[PDB]
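Student:
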Amino acid sequence: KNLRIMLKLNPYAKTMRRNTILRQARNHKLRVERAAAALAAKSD
Amino acid sequence: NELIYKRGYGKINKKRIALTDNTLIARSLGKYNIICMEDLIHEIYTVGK
Amino acid sequence: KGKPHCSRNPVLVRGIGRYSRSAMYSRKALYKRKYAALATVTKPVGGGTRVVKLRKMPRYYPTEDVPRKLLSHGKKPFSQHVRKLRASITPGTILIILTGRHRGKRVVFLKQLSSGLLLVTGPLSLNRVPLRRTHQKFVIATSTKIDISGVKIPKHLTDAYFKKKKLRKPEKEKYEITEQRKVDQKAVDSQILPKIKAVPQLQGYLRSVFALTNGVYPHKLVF
Amino acid sequence: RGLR
Amino acid sequence: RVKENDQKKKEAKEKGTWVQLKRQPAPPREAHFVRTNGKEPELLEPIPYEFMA
Amino acid sequence: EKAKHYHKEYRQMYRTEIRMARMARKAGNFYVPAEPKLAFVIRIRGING
Amino acid sequence: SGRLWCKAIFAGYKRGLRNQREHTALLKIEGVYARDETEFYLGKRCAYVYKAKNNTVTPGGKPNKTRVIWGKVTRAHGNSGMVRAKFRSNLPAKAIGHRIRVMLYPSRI
Amino acid sequence: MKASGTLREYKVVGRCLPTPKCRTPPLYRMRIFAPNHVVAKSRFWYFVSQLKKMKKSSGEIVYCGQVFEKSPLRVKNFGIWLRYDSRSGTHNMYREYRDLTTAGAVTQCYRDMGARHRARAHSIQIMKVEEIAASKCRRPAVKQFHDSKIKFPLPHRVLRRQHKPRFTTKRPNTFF
RNA sequence: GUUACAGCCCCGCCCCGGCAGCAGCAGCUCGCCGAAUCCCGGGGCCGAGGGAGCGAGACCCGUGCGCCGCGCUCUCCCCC
RNA sequence: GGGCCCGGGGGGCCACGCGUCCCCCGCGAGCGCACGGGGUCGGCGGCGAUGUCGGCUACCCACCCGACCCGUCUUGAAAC
RNA sequence: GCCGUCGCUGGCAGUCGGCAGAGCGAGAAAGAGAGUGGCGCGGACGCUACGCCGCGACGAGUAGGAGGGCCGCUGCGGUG
Ligand SMILES: [Mg+2]
Ligand SMILES: [Mg+2]
Ligand SMILES: [Mg+2]
Ligand SMILES: [Mg+2]
Ligand SMILES: [Mg+2]
Ligand SMILES: [Mg+2]
Ligand SMILES: [Mg+2]
Ligand SMILES: [Mg+2]
Numbered sequence: 320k321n322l323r324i325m326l327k328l329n330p331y332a333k334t335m336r337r338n339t340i341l342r343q344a345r346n347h348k349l350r351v352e353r354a355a356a357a358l359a360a361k362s363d
Numbered sequence: 150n151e152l153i154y155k156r157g158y159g160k161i162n163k164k165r166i167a168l169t170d171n172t173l174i175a176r177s178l179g180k181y182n183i184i185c186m187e188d189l190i191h192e193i194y195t196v197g198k
Numbered sequence: 041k042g043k044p045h046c047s048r049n050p051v052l053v054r055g056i057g058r059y060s061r062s063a064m065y066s067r068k069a070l071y072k073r074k075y076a077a092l093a094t095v096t097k098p099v100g105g106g107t108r109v110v111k112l113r114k115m116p117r118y119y120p121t122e123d124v125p126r127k128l129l130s131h132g133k134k135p136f137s138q139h140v141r142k143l144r145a146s147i148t149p150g151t152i153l154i155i156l157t158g159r160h161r162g163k164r165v166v167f168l169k170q171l172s173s174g175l176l177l178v179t180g181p182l183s184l185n186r187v188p189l190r191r192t193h194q195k196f197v198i199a200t201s202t203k204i205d206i207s208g209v210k211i212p213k214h215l216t217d218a219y220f221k222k223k224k225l226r227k228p239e240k241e242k243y244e245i246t247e248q249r250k251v252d253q254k255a256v257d258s259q260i261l262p263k264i265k266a267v268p269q270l271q272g273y274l275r276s277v278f279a280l281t282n283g284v285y286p287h288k289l290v291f
Numbered sequence: 114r115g116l117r
Numbered sequence: 108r109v110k111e112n113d114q115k116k117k118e119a120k121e122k123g124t125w126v127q128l129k130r131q132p133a134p135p136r137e138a139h140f141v142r143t144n145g146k147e148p149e150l151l152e153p154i155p156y157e158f159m160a
Numbered sequence: 051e052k053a054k055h056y057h058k059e060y061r062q063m064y065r066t067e068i069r070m071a072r073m074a075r076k077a078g079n080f081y082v083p084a085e086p087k088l089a090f091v092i093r094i095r096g097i098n099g
Numbered sequence: 002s003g004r005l006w007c008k009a010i011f012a013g014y015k016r017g018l019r020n021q022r023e024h025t026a027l028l029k030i031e032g033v034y035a036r037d038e039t040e041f042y043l044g045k046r047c048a049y050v051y052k053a054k055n056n057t058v059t060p061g062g063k064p065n066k067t068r069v070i071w072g073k074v075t076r077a078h079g080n081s082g083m084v085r086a087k088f089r090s091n092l093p094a095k096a097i098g099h100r101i102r103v104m105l106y107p108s109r110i
Numbered sequence: 001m002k003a004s005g006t007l008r009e010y011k012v013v014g015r016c017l018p019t020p021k022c023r024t025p026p027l028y029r030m031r032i033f034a035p036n037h038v039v040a041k042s043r044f045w046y047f048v049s050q051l052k053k054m055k056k057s058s059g060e061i062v063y064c065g066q067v068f069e070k071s072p073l074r075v076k077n078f079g080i081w082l083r084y085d086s087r088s089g090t091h092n093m094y095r096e097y098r099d100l101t102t103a104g105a106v107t108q109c110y111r112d113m114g115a116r117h118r119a120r121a122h123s124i125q126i127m128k129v130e131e132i133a134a135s136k137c138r139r140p141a142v143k144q145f146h147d148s149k150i151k152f153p154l155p156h157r158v159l160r161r162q163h164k165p166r167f168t169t170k171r172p173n174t175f176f
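Protein chains in written order, with the entry's author numbering: chain S, 320 to 363; chain G, 150 to 198; chain B, 41 to 77, 92 to 100, 105 to 228, 239 to 291; chain V, 114 to 117; chain P, 108 to 160; chain Z, 51 to 99; chain X, 2 to 110; chain D, 1 to 176.
Structure representation (structure tokens):
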């Protein structure tokens with residue numbers, strides 16, 4: 320629960336968490352654009 | 150992971166000391182190359198030597 | 041010396057930056073930013107001069123003293139706390155005051171002061187609530203909002219402006245509405261009031277006082 | 114030494 | 108076991124290697140593949156009760 | 051770096067067991083994973099009698 | 002002017018069948034008859050208001066015979082909309098079956 | 001075994017442990033209906049032990065996996081052959097059920113065998129589950145739903161929201 | 001009696017015939033999970049301890065935000 | 001798939017001096033923010049000399065839950 | 001959170017101050033060693049060592065045992 324406590328014990332957790340936040344925010348963008356083209360293509 | 154991070158306590162000099170620092174693990178299990186909570190989780194999870 | 045730069049590392053979440061250690065190293069150009077290894095005041099006098111101690115030893119010591127406190131962190135003073143505001147309270151929202159002499163009245167939210175208390179106006183002419191501070195924890199924010207984006211709130215309506223002024227009692241001392249406050253009330257009322265009258269029946273709504281009645285339960289209804 |  | 112250990116301890120010593128001397132309890136069986144050999148496992152069903160008196 | 055390495059190590063163990071079963075299923079056989087080497091034991095009964 | 006509190010009944014104390022925990026009271030709130038509707042009321046102030054023989058001071062007012070014990074809703078209780086409340090002093094058992102005001106603050110809406 | 005919740009169908013494959021005599025023992029497969037796979041494996045060993053000189057110690061589970069219903073949107077008739085222990089003997093039964101899933105039909109059997117014969121799931125052995133055509137079903141309860149023009153009303157509908165309101169001014173109506 | 005003025009089941013060839021989607025906001029048709037997991041929010045209870053020092057140093061005698069962990073800026077120069 | 005994810009022809013790295021030999025091919029300075037060795041506010045309000053404020057316990061009374069009378073011998077006592 | 005017990009047969013004589021220099025909790029033996037040649041006058045508390053301080057675990061009890069009572073009663077030697 321405490322971020323800075325985990326880093327004092329496992330500094331590599333910061334890299335893992337940052338990657339998850341970027342990876343998860345990147346995959347969300349892909350679906351939103353993927354879902355849109357499905358909507359726009361359907362309207363065609 | 151969660152068993153050892155939330156509820157992980159070391160038996161250091163026959164006392165129940167919370168694992169709030171890596172130096173706690175290194176001073177006791179360092180002779181086995183176990184110097185951090187991550188080494189401790191790997192020795193447990195994989196059942197090391 | 042050099043002018044400070046905006047942090048090159050944008051915040052991803054609280055406590056984690058966007059860029060790793062080596063990404064920041066390149067951004068900060070650290071590859072080329074390398075580096076290598092009075093207590094007495096003299097005065098004249100009519105002896106000639108006296109060396110004077112700025113701060114003197116105490117003339118008295120108590121029989122007992124308390125030790126020092128251990129050092130903590132994050133325990134900021136109040137003036138440095140961050141202020142939060144419910145997302146449902148946006149400028150122009152019609153709030154319901156829940157406490158004080160004005161409890162039940164419906165007011166117009168203007169802005170959140172630096173101390174975090176809300177600034178609201180009745181307006182005075184509709185329900186007799188002047189420019190007054192109020193805690194957001196003691197207001198029900200309704201879904202009724204008026205657009206006051208074009209309303210100019212005087213820059214001097216700050217926290218110190220509304221802070222109560224002590225009155226001494228030796239009989240009683242009474243609060244006097246300063247002439248400045250009356251001028252201030254008109255400046256803001258004269259703008260918000262015509263905006264209220266653009267919405268039909270809104271002025272009548274702000275004249276009325278909220279109350280619970282038979283069969284009306286807060287958890288059931290929408291404000 | 115190199116870092117400096 | 109004493110003899111085989113001392114001989115292994117002496118045979119491996121001259122060879123500069125390491126051998127197991129201590130016994131160990133049976134470990135859990137390691138992963139393995141089972142070949143069906145192009146046959147379907149026999150379906151089994153419980154048999155009806157029959158009063159064999 | 052030990053934590054970084056373990057992450058890669060754990061990932062391969064996870065992926066490898068997935069991959070092993072797929073190649074068995076591909077050929078119409080069964081992959082039987084190794085009996086677990088680790089157990090967690092929780093006492094659920096009191097101390098009377 | 003009008004009412005600005007919800008009507009609640011002091012149903013009883015926290016208890017098993019043969020043990021009673023008087024530091025917690027169980028409030029039945031009018032209209033709240035499921036556990037899913039109790040969310041609005043959690044953390045809300047609760048006032049047991051009563052009258053006594055001797056006069057007592059009044060904030061922003063002159064002395065009268067009204068007295069109050071304050072508290073607040075701490076959590077839901079059961080599946081039918083009861084809430085647990087804690088008070089600055091345990092409610093007297095003479096208050097079972099009587100009115101407990103539930104205010105509309107601290108407001109989260 | 002407890003018939004907790006809705007049962008699932010598992011495919012359990014096991015064999016004797018290989019030995020020098022028989023290096024490749026044959027593979028036995030059973031259809032097991034159970035709450036979870038851990039229970040599914042346990043029941044498998046309870047049945048093969050009855051049919052073969054085999055038990056958990058001298059054999060292993062080669063594959064445990066749920067068998068998904070193949071036509072979950074189709075209505076079928078299932079015939080279930082089962083044996084069970086009553087208080088004073090064992091009896092073979094044949095029963096029919098209508099469902100969308102085979103596991104759903106077996107779960108109906110456990111509730112039904114418990115209701116009509118006070119049979120606990122530990123005394124019931126499902127031997128066979130077969131989807132049956134409408135023309136082969138025997139039980140009139142199942143067969144009365146083989147009507148392409150089936151129609152029936154819902155008489156005397158009982159008010160189920162009896163505590164909302166708890167006190168009301170008007171009496172409920174049961175005709176709809 | 002066998003697609004007709006409705007439909008249903010199976011099969012052979014059609015790139016597992018082709019497209020979305022994909023254990024689905026058709027907020028429930030059926031699962032197990034998270035090194036393959038992170039973000040934000042709400043209610044409740046609690047605040048035990050009290051000399052942790054930092055830097056200047058025998059060319060200095062300061063200052064009580066100090067350990068470990070994690071960042072930021074400056075000691076470079078431009079641009080918006 | 002594994003081999004610091006072997007060797008050759010847009011996105012993250014706890015890569016970042018060099019003389020070299022060659023496998024292979026021992027001290028930079030500052031400043032600052034903090035999920036960082038257990039809470040503070042460098043935040044506020046009301047009332048107050050003759051009827052009001054505080055007083056755990058203590059006196060009387062009330063209510064809710066609990067609650068059989070002790071010593072003893074006894075396997076077993078509230079015991080008819 | 002607090003009380004006590006037990007254990008660490010744990011720590012503190014280092015209050016080593018201008019005849020001065022503040023440390024030894026730290027992953028991994030043993031020296032903050034000694035040399036020979038190539039302006040102010042200032043710096044809390046402590047230590048009834050039978051004292052003070054820290055950390056961890058624990059706490060049912062008849063018969064019975066043991067410890068501590070700055071619990072209580074009467075008289076004697078000292079002392080107040
Ligand atoms: Mg028992
Ligand atoms: Mg009773
Ligand atoms: Mg009685
Ligand atoms: Mg007797
Ligand atoms: Mg007797
Ligand atoms: Mg008795
Ligand atoms: Mg009797
Ligand atoms: Mg005891």
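Backbone N, C-alpha and C fix where the C-beta goes; we use that ideal spot for every residue, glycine too.
Hey, would you say P/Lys110 sits closer than 9 Å to P/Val126, going by beta carbons?
Tutor: no
Student: Anything in chain P within Cβ reach of Z/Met63, meaning under 9 Å, just list it in chain order.
Tutor: Those within 9 Å of Z/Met63 in chain P number zero; the least Cβ separation is about 12 Å.
Student: What residues in the stretch 146 to 162 of chain B bring their beta carbon closer than 9 Å to a beta carbon of chain X?
Tutor: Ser146, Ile154, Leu156, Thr157, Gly158, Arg159, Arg161, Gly162
Student: Within the chosen definition, does the stretch 263 to 276 of chain B reach the stretch 215 to 224 of chain B through at least 3 CB pairs nearer than 8 Å?
Tutor: no
Student: Hey, would you say B/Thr107 sits closer than 9 Å to B/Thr96, going by beta carbons?
Tutor: yes
Student: Check the Cβ-Cβ distances between G/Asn171 and every residue of chain S, and say whether any is below 9 Å.
Tutor: Taking Cβ atoms only, chain S reaches closer than 9 Å to G/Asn171, which makes this a yes.
Student: Within the continuous beta strand (DSSP E) that includes B/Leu52, where are the two ends?
Tutor: 51 to 53
Student: Just curious, the beta strand (DSSP E) that X/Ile97 is in, first and last residue?
Tutor: Careful: X/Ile97 lies outside any beta strand (DSSP E) and carries neither H nor E.
Student: Measuring only the C-alpha atoms, how far is V/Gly115 from B/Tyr75?
Tutor: 11 Å
Student: Would B/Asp257 be called buried (16 or more neighbouring beta carbons within 10 Å of its own) or exposed?
Tutor: buried
Student: I'd like the ranges of any beta strand (DSSP E) spanning at least 3 consecutive residues and lying wholly in the stretch 24 to 89 of chain X.
Tutor: 46 to 59, 62 to 78, 83 to 88
Student: At the level of alpha carbons, what is the spacing between B/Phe291 and B/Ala199?
Tutor: Each residue's Cα considered, the two are about 7 Å apart.
Student: When we look at the beta-carbon of Z/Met63 and count the other beta-carbons within 10 Å, is it buried (16 or more) or exposed?
Tutor: exposed
Student: Indicate whether B/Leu171 and B/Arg191 have their beta-carbon atoms separated by less than 9 Å.
Tutor: yes
Student: Could you tell me which chain D residues have their CB closer than 9 Å to the CB of Z/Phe80, listed as they occur along the chain?
Tutor: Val13, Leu27, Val62, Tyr63
Student: Measuring CB to CB, does X/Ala26 end up less than 9 Å from X/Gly72?
Tutor: Yes, Cβ-Cβ distance for X/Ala26 and X/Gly72 is below 9 Å.
Student: Return no unless some Cβ of chain G is closer than 9 Å to the Cβ of S/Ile324.
Tutor: yes
Student: When the distance is taken between beta carbons, is G/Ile174 closer than 9 Å to residue 199 of chain G?
Tutor: Within the shown structure, residues of chain G are numbered from 150 to 198, placing residue 199 of chain G beyond reach of any answer.
Student: Identify the residues that DSSP records as bridge partners of X/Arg16: which are they?
Tutor: X/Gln21
Student: Excluding the 5 residues flanking X/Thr59 on each side, which residues of the same chain have their C-beta closer than 8 Å to its C-beta?
Tutor: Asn65, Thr67
Student: Is the Cβ of G/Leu168 closer than 9 Å to any Cβ of chain Z?
Tutor: no
Student: Extract the residue ranges of the beta strand (DSSP E) inside the stretch 139 to 222 of chain B, only unbroken runs of 3 or more that lie entirely within it.
Tutor: 151 to 155, 164 to 170, 176 to 179, 190 to 192, 197 to 203
Student: Compute the distance between the beta-carbons of D/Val48 and Z/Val82, then report whether it is under 9 Å.
Tutor: no
Student: Pick out whichever of B/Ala63, B/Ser66, B/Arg58, B/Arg67 has its Cα sitting closest to the Cα of S/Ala344.
Tutor: Ranking the options by Cα distance to S/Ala344, first place goes to B/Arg58.
Student: Following the continuous beta strand (DSSP E) through D/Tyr94, name the residue where it begins and the one where it ends.
Tutor: 89 to 99
Student: Are the stretch 37 to 51 of chain D and the stretch 95 to 112 of chain D in contact at 8 Å, needing three or more beta carbon pairs?
Tutor: Below 8 Å, too few C-beta pairs join the stretch 37 to 51 of chain D and the stretch 95 to 112 of chain D to call them touching: fewer than three.
Student: Of all the CB atoms in chain G, is at least one closer than 9 Å to the CB of S/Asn329?
Tutor: yes
Student: D/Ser57 by DSSP, collapsed to three states: which one?
Tutor: helix
Student: Does the contact criterion of 3 or more C-beta pairs under 8 Å hold for the stretch 239 to 254 of chain B versus the stretch 65 to 73 of chain Z?
Tutor: no
Student: Determine, using beta carbons only, whether Z/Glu59 and P/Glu137 come nearer to each other than 9 Å.
Tutor: no
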